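Encoded as structure tokens, the structure appears first; notes follow it.
Using ideal geometry, Cβ is built from the backbone for each residue, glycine included, and neighbour counts are taken over all protein chains shown. What follows draws every value from the coordinates through simple rules; no lab data is involved.
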Amino acid sequence: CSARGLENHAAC
Amino acid sequence: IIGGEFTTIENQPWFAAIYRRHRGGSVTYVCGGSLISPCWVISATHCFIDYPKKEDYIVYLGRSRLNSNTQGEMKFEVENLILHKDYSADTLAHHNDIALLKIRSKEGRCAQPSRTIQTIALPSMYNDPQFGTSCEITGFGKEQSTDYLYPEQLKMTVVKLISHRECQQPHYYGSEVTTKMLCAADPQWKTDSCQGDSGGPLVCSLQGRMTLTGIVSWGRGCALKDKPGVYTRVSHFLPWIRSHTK
């Protein structure tokens, strides 16, 4: 979550 | 962008700033993208997959600052949000991480090219620069991995392309990287893309032409030794792009 690939994800 | 330098939209006038409106009305930054024709922006599917409804998004072009209007900018709704059918994700790696947004203003218009708003060329098929070539990345993503805030001013940096064969080594990413991805990094690992840079452009000069070589996709951390940035390899998706651009 602190990095690239999870931008705009409900679980972050 | 870790390291690198501040810039403005004149230096990357195809850069698109994508935001999401919330229930209750707050607006937050999502991801970058690139203007490839007046009515189309290209980005990464992982930016949208958890909220895949087009009415949730707002796209700016000609914008140099995250939370303040830039003179000359244009604002667009998303008329269509096209995600790649074969998207998947690992714990780290995202496959087929490519998305198209068709943009339309409240007045029903597409982008109008200006000093601050221009399209970027797509690469010829299967035609990428040689490893070790220097290319540029642009975005509003974090300046340090531990930051809480995104920078208010656009940034860009330079990274060098890494061979398949090198990016494939266990102590890099082993099997996580495919032939439809491109790795790029700094030789001292001191500059990179980071969180919030996803969807944005990796641009290389190809036959004297500035070309959308990659789309920011994934990485383990940011500016981390033996952990390059990983980019969707645009030259391997030209039929997909051609077909979906309706």
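I'd like to check something: does the stretch B:84-98 contain any residue that is of a type in the set (D, E, K, R), part of a strand (DSSP E or B) and surrounded by 18 or more Cβ atoms within 10 Å (Cβ to Cβ)?
Filtering the stretch B:84-98 down to residues of a type in the set (D, E, K, R) leaves B:85-86, B:90, B:97.
Next, from what is left, pick out any that are part of a strand (DSSP E or B): none.
For the stretch B:84-98, residues of a type in the set (D, E, K, R), part of a strand (DSSP E or B) and surrounded by 18 or more Cβ atoms within 10 Å (Cβ to Cβ): absent.
Which one of the conditions (1) hydroxyl-bearing (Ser, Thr, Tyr); (2) within 14 Å of another protein chain (Cβ to nearest Cβ); (3) touching a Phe, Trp or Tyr at 6+ places or on another chain (Cβ under 7 Å) does residue B:88 fail to meet, given that it meets all the rest?
Every condition holds for residue B:88 apart from (3).
If I go through the stretch B:1-52 residue by residue, how many of them are in contact (Cβ under 8 Å) with a residue 60 or more places away in the chain, hydroxyl-bearing (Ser, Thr, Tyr) and crowded, with 24+ Cβ neighbours inside 10 Å?
2
If you go through the stretch B:197-211, how many residues are buried (at least 23 other Cβ atoms within 10 Å of the Cβ) and either away from chain A (no Cβ under 13 Å) or aliphatic (A, V, I, L, M) (or both)?
Of the residues in the stretch B:197-211, the ones buried (at least 23 other Cβ atoms within 10 Å of the Cβ) are B:197-202, B:211.
From what's left, either away from chain A (no Cβ under 13 Å) or aliphatic (A, V, I, L, M) (or both): B:201-202, B:211.
Selection size over the stretch B:197-211: 3.
Mind listing just one residue for me: the one in the stretch B:131-165 that is among the charged types (D, E, K, R) and more than 20 Å from residue B:95 (Cβ to Cβ) and, of those, surrounded by the fewest Cβ atoms within 10 Å (Cβ to Cβ)?
B:152
Mind checking which residues of the stretch B:1-22 are more than 13 Å from every other protein chain (Cβ to nearest Cβ) and either outside any strand (DSSP E or B) or closer than 18 Å to residue B:135 by Cβ (or both)?
B:3, B:4, B:5, B:7, B:8, B:9, B:10, B:11, B:12, B:13, B:14, B:15
For residue B:121, only one of the following conditions fails: (1) out of contact with any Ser or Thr (no Cβ under 6 Å at 6 or more places or on another chain); (2) surrounded by fewer than 22 Cβ atoms within 10 Å (Cβ to Cβ). What is its number?
Just one mismatch for residue B:121, condition (1).
Give the residue, chosen from B:78, B:30, that is touching a strand residue (DSSP E or B) at 6+ places or on another chain (Cβ under 8 Å), under 19 Å from residue B:152 (Cβ atoms) and assigned to a strand (DSSP E or B).
Working: B:78 fails: under 19 Å from residue B:152 (Cβ atoms).
Exactly one of B:78, B:30 is touching a strand residue (DSSP E or B) at 6+ places or on another chain (Cβ under 8 Å), under 19 Å from residue B:152 (Cβ atoms) and assigned to a strand (DSSP E or B), namely B:30.
Considering only residues that are within 13 Å of residue B:21 (Cβ to Cβ) and assigned to a loop (DSSP other than H, G, I, E, B), look in the stretch B:49-62 and name the one that is nearest to the chain's Cα centre (by Cα).
Going through the qualifying residues, I end up with B:51.
Taking only the stretch B:212-246 into account, find how many residues are within 13 Å of the chain's Cα centre (by Cα) and either more than 14 Å from chain A (Cβ to nearest Cβ) or of a type in the set (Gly, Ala, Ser) (or both). Steps first, please.
We begin by selecting, within the stretch B:212-246, every residue within 13 Å of the chain's Cα centre (by Cα); these are B:212-218, B:229-234.
Subset that is either more than 14 Å from chain A (Cβ to nearest Cβ) or of a type in the set (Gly, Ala, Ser) (or both): B:212-214, B:217, B:229, B:233-234.
Adding up the residues that qualify gives 7.
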